[PDB]
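Derivation of every value follows stated rules applied to the coordinates shown; laboratory data play no part. Using ideal geometry, Cβ is built from the backbone for each residue, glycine included, and neighbour counts are taken over all protein chains shown.
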Amino acid sequence: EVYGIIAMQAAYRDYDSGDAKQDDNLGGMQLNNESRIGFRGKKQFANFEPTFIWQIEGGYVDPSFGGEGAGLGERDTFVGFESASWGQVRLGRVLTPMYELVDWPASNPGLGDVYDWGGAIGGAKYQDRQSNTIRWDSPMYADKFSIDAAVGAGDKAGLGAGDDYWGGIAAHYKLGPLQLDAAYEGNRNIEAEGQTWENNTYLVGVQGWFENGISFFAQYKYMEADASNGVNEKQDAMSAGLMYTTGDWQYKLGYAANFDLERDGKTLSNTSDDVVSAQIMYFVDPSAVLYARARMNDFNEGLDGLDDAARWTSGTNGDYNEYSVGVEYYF
Amino acid sequence: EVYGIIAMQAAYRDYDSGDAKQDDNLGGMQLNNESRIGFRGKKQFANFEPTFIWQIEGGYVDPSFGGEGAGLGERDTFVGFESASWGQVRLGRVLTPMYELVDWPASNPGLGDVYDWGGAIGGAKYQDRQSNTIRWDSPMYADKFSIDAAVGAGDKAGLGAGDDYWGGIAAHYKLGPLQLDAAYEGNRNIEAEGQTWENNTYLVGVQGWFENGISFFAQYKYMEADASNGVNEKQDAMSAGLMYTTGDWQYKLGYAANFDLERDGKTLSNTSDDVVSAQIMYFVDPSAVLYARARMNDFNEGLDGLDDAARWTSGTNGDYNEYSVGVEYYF
Amino acid sequence: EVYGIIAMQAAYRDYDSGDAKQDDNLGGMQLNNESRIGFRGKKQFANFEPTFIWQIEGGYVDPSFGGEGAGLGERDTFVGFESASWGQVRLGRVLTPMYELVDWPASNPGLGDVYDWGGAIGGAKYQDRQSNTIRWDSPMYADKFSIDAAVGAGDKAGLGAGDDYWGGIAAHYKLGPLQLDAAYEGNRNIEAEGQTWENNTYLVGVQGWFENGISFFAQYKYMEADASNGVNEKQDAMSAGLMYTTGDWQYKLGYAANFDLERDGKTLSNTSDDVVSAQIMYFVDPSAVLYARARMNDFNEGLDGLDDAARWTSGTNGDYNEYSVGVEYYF
Ligand SMILES: CN(C)c1ccc(O)c2c1C[C@H]1C[C@H]3[C@H](N(C)C)C(O)=C(C(N)=O)C(=O)[C@@]3(O)C(O)=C1C2=O
Ligand code: NA
Ligand code: NA
Ligand code: NA
Ligand code: NA
Ligand code: NA
Ligand code: NA
Ligand code: NA
Ligand code: NA
């Protein structure tokens with residue numbers, strides 16, 4: 001079976017970097033086509049109660065700031081097995097258990113630049129998608145409690161350039177209208193800035209959906225990282241979102257911020273990031289949505305990594321504002 | 001819906017460059033797989049009168065002179081809307097309105113090296129299908145008249161490397177068997193040769209299809225460009241094609257030519273290009289065609305760009321001939 | 001038509017190279033997703049007795065040691081015709097007639113590092129999958145005898161950088177439970193190491209499958225190579241595999257070896273490669289298998305090419321073992 005996600009977002013961006021040549025480059029209007037075609041299926045093996053499942057999901061066809069074309073298997077592409085009793089284990093390229101919650105709901109109205117990859121910490125906080133991964137998903141115990149857990153190979157280790165590895169776990173309990181989320185992910189042997197890093201990261205979160213139309217999510221992310229030369233670094237962040245949903249409309253407010261980074265006890269001045277964003281959404285069909293959105297990004301003023309050389313952060317390109325309309329269709 | 005165009009052309013090329021190694025390198029027999037798979041569909045959003053449309057079309061899987069594999073969304077990939085009333089707007093990656101007339105009536109059979117990208121002029125004449133584009137296509141007004149119009153971001157601006165942009169318009173009037181086609185396209189902020197260019201291009205053409213089987217097309221293309229240091233360049237070109245169709249056959253003769261280029265009024269000697277080409281075609285099935293064709297390309301002798309360094313044109317590889325057979329199947 | 005081949009292998013590799021960082025990078029566990037999706041079809045042209053056939057096959061979605069994503073048309077992508085009379089001609093990118101016998105049955109389980117792309121011979125022993133190729137596949141005459149024959153442009157010539165080319169032929173006669181296999185493939189205008197080479201390669205082999213559950217294959221590969229400065233090189237190799245089948249199980253044991261390389265009559269010390277492997281395979285569904293395997297590679301100790309600079313072989317990364325389970329599913 002084929003399954004598309006059609007996704008077009010028209011987005012004009014107003015950059016303020018302090019260089020007007022750079023400002024005109026990064027700023028201006030673009031089309032962020034995140035449409036993707038994928039294939040997936042199951043087959044009942046004649047000699048195996050676990051149901052064989054597989055999926056190949058292609059990439060974004062024409063993202064903004066990027067070229068055209070995407071191969072197959074750039075997004076969640078995997079084989080795995082599933083039994084009703086013990087859930088489903090997948091091998092391949094998946095989302096780590098912590099990353100799922102940083103994406104949804106914690107990056108929801110365009111906050112990702114800050115809560116997703118917007119970091120000041122060294123090493124490697126957590127992982128987007130890693131293509132050398134085993135991941136077990138628990139069933140819904142009592143249809144209320146669920147465990148997600150995974151281990152995998154690192155970014156460099158998946159190309160025979162290193163021995164990066166990582167593991168992570170998260171759990172979700174659905175208390176009536178509530179849902180509580182916690183998550184951990186640790187990376188080892190992260191080669192960066194001329195040192196080898198170990199990153200430990202923990203996430204706490206909550207979610208509610210109430211008949212009056214209010215929905216919300218709030219999350220605390222605690223990011224520690226220890227370098228092999230004995231340096232310590234610590235940063236933490238939050239993301240929350242308030243939304244009212246009436247009829248075929250949803251109004252949404254999101255705020256995310258990393259706070260100042262502490263290195264070796266000493267705090268680094270003005271290294272925090274903050275994003276505010278607002279979003280209207282129309283439920284134009286059971287299968288698709290139209291939406292408008294605007295956001296405000298204030299980024300850090302810089303950070304040197306443990307190699308006398310500057311470290312890259314989501315803010316290394318400068319502050320910017322952004323207004324956008326988009327459509328997204330599911331089939 | 002899945003929709004292929006299966007397309008193979010076996011094409012031997014006899015190059016005359018003035019270096020027999022390059023002639024042996026560039027020449028010889030090759031296989032030009034231009035097949036492509038795409039996915040496309042429409043959807044009537046339950047809460048919206050315009051019908052939603054989308055398409056993701058992959059690239060040439062193994063072109064000649066190139067490697068294998070092409071992602072999805074390398075060709076016409078877009079989302080958009082249509083109502084009978086006001087026509088059809090699509091956003092994403094499309095063909096500019098002038099390029100449609102450069103490609104369809106005017107670049108086949110093999111005239112492309114000359115009429116398509118083969119210009120000798122500086123700056124950036126027009127666009128061969130650019131992403132970051134919105135394009136509105138009108139209805140057939142009075143069942144005689146149709147207008148195509150679109151604007152979009154430049155090549156560099158689509159990666160945050162500049163601020164080039166462009167707009168273009170074309171119209172089509174149908175007098176009996178004839179059709180008159182006119183089109184304009186202008187590009188701005190084109191960063192090239194160390195200067196910034198503004199290129200305006202104007203196209204007039206006609207096409208006819210007659211009950212006796214005689215058909216033809218003829219087109220005049222006018223190309224302007226203004227560099228930021230005050231330099232001006234002007235070059236013009238033509239492409240015409242004649243075809244007789246009897247039974248299951250179409251015979252075709254094609255001629256296209258870029259003419260001599262003027263810089264600051266002074267014309268630069270030997271910068272013209274012209275191609276001659278013949279093509280026999282058999283309609284092996286309603287869904288496919290077989291064709292044999294031979295063409296002969298004579299190219300320009302060189303010109304420096306406005307940075308003392310030679311500029312690249314379709315003739316920078318030297319003159320060449322080419323004989324070819326091919327198949328084309330549509331599903 | 002769409003057709004998957006879903007294929008995942010979890011494979012731990014233990015390298016011994018003589019530098020333990022290289023051992024740590026290259027070694028370790030990885031996920032080798034060799035899943036691939038393709039499209040193929042046939043069409044009876046209304047004015048043409050040969051049946052039109054076509055296929056577009058994507059690449060490996062996430063191989064081990066490599067990144068994600070593969071375009072469409074990285075594997076067998078072709079157009080062609082088939083008649084009951086004369087068999088089947090295909091144009092495009094296919095497997096050469098010799099490489100088919102080097103892959104099946106002679107390279108699995110895990111013998112490819114030595115028998116497939118493994119080698120010490122200069123120039124280019126053979127071609128594995130080649131674009132710009134026409135290949136005629138004969139029928140099974142008398143339901144026992146068939147010819148495979150193909151010629152095409154070289155690797156470098158398909159990008160307009162040279163004129164290397166090649167042809168090849170193989171035959172298979174089926175004497176009862178055995179099948180006798182012979183094959184040749186010759187390459188010309190192969191530029192390497194500052195010389196131009198002509199590569200000749202010959203393969204003879206046998207295959208048997210018995211109701212007793214015993215099945216086997218053995219193959220001898222003869223590779224000669226002659227350089228433009230008058231050097232001669234010769235290397236030869238062998239691969240065999242013995243397997244027993246009980247119920248839904250297949251036991252398999254494999255061995256392959258390239259022998260020491262001869263250059264200009266004088267043999268070059270410690271240039272042989274040998275790999276041995278054992279594998280259990282379960283037939284979990286008519287269309288799928290589970291399998292475990294372990295293998296041992298001892299590779300050569302180095303060889304300077306005809307330019308005083310080392311030549312690359314499958315052993316330029318060092319000896320290693322590998323233990324792995326995997327899955328394999330069809331369409
Ligand atoms: C000056 N210019 C930008 C350069 C510089 C270096 C290059 O190596 C090349 C170009 C032009 C481009 C034009 C492009 C064009 N492009 C896809 C829009 C193009 O349409 C073709 C084509 N065969 O259709 C090219 O030859 C082309 O791929 C090409 O071979 C180029 C090329 O090789
Ligand atoms: Na990653
Ligand atoms: Na789960
Ligand atoms: Na090619
Ligand atoms: Na362009
Ligand atoms: Na139109
Ligand atoms: Na821009
Ligand atoms: Na090859
Ligand atoms: Na055959």
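Details
- GNM top mover of A:24, A:62, A:16 - chain A, alpha-carbon springs below 10 Å: A:24
- Net charge in the neighbourhood of residue B:44 (other residues with Cβ under 13 Å of its Cβ; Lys, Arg +1, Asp, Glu -1) is -1.
- Cα-derived Rg over Rh, computed across segment C:221-331 with Rh taken as Kirkwood radius: 1.12
- In segment A:5-93, chymotrypsin sites (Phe, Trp or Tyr not before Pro) in a DSSP loop with at most 14 other beta-carbon atoms within 10 Å: A:65, A:86
- Percentage relative contact order, segment A:93-176, counting C-alpha pairs under 8 Å, at least six apart: 28 percent
- Close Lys pairs in chain B, defined as Cα atoms under 26 Å apart and 8 or more places apart or on different chains, number 14.
- Residue-averaged [θ]222 nm for chain B, counting only DSSP H segments that reach four residues, each worth -39500 (n - 2.57): -1500 deg cm²/dmol
- Percentage, to the nearest whole number, of Cα pairs in segment B:43-117 over 19 Å apart: 56 percent
- Cα gyration tensor shape of segment B:115-185, rounded if a/c is under 1.5, else prolate or oblate by comparing a/b with b/c: oblate
- When residue B:65 is represented by a point 7 angstrom out along its Cα-to-C-beta vector, the spacings to that point in the other copies are 3.3, 3.4 nm, nearest first.
- When chain C is turned onto chain B, its residue with the beta carbon nearest the axis, and that distance in whole angstrom, is C:71, 3.
- Per-pair calculated FRET efficiency, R0 = 41 Å: residue B:269 and residue C:171 via Cβ, rounded to 0.05: 0.10
- Relative contact order %, chain A, counting alpha carbon pairs below 8 Å whose residues are six or more apart: 15 percent
- Computed about the Cα centre, the dipole magnitude for chain C is approximately 1140 debye when only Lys and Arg (+1) and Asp and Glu (-1) carry charge, each at its Cβ.
- Euclidean distance between Cα centres, segment C:104-163 to segment C:275-331, Å: 19 Å
- The shape of chain B comes out rounded: with a ≥ b ≥ c from the C-alpha gyration tensor, a/c is under 1.5.
- Taking Cα centre as origin and charging only the Cβ of basic (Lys, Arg, +1) and acidic (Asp, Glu, -1) residues, the dipole magnitude of segment C:117-199 rounds to 240 debye.
- Shape of segment C:130-273, Cα gyration tensor, a/c cut at 1.5: oblate
- For the protein assembly as shown, the dipole from Cβ point charges (+1 on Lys and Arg, -1 on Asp and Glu) about the Cα centre works out to 3100 debye, to the nearest 20.
- Cβ-defined net charge surrounding residue B:260, 12 Å radius [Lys, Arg +1; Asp, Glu -1]: -3
- Along each principal axis, taking the top coordinate minus the bottom one, the Cα set of the protein assembly as shown gives 78, 77, 54 Å in descending order.
- Residue among A:275, A:151, A:61 with the largest mean-square fluctuation in a Gaussian network model of chain A, springs linking Cα atoms under 10 Å: A:61
- Using the Cβ of residue B:173 as centre and a radius below 9 Å, the other residues enclosed give a net charge of +1, where K and R count +1 and D and E count -1.
- For segment B:1-56, alpha-carbon Rg over 2.2 N^0.38 Å: 2.13
- Shortest-first nm distances, residue B:210 label point to equivalent points in other copies (7 Å, Cα→Cβ): 7.9, 7.9
- Between copies, the label points of residue B:244, set 7 Å from Cα on the Cα→Cβ line, lie 7.7, 7.7 nm apart, reported in increasing order to one decimal in nanometres.
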